[PDB]
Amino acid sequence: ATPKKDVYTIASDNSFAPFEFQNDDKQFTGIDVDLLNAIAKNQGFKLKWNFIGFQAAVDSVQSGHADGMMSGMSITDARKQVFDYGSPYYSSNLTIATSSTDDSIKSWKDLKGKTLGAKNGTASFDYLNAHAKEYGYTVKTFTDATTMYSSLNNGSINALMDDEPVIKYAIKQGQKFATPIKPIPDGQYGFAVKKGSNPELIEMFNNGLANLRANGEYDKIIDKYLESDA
């Protein structure tokens, strides 16, 4: 894989722990950051990051600004119409979080009349929007998970949908969230470029990921955030 730019710009979410997030000491970090940086180093590519939000990253890549996005991004057939993806590097399901002070939601049937949050442009938004009439709830959209999570904590929304590993990590950090429903299978995460653009970034992502899966660096990066409980 041969670089064709002196630096490539990578857009990402501004709050999606453990994949990308500002830690308490105000440093951007996470699995996506460490993994893509390590892949680029393995392959001799140079990156610069813009932590701008999920939909903002989609928009930047689609407008020919960011060269790619690494943002806990689900691989879907619909997105393949406008993005090229690299090899899958993680897996996720969708789940609901409620406040753990509230026993009123025990199933999708108890969400009738409630207000649910989701982040702009995400798989969670797509799922909630598509099921809103079926289950009788309303949807409120957010551009930063910090604002969405704050709204669940302050009671201005009754529940939210987000990716399962992100909600699990939030609970591990101490968020007072409950998880009343069975997660919805939602495939894999991938690195993405605009369809037909920057093919060498996909080549080097795939080469680097295969190398780091095989040499143990991938697992070390996952462990850094998501330790074994055994």
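For every residue, the number given is its place in the sequence shown, counted from 1.
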| query | finding |
| --- | --- |
| Given 146-154 and 110-118, the range whose Cα B-factors average higher in the PDB entry | 110-118 |
| Between the two ranges 7-15 and 218-226, the one averaging a larger CA B factor in the entry | 218-226 |
| Out of 65, 176, 194, 26, residue topping the C-alpha B-factor column of the entry | 26 |
| From 104, 87, 91, 98, residue of greatest CA B-factor | 104 |
| Among modelled residues of the same chain, the CA temperature factor third for residue 184 | middle |
| Third of chain Cα B-factors occupied by residue 33 | lowest |
| Cα B factor band for residue 48 (lowest, middle or highest third within the chain) | highest |
| Residue 125 - which third its CA temperature factor falls in, relative to the rest of the chain | lowest |
| Third of the chain's Cα B-factor distribution that residue 78 belongs to, per the entry | highest |
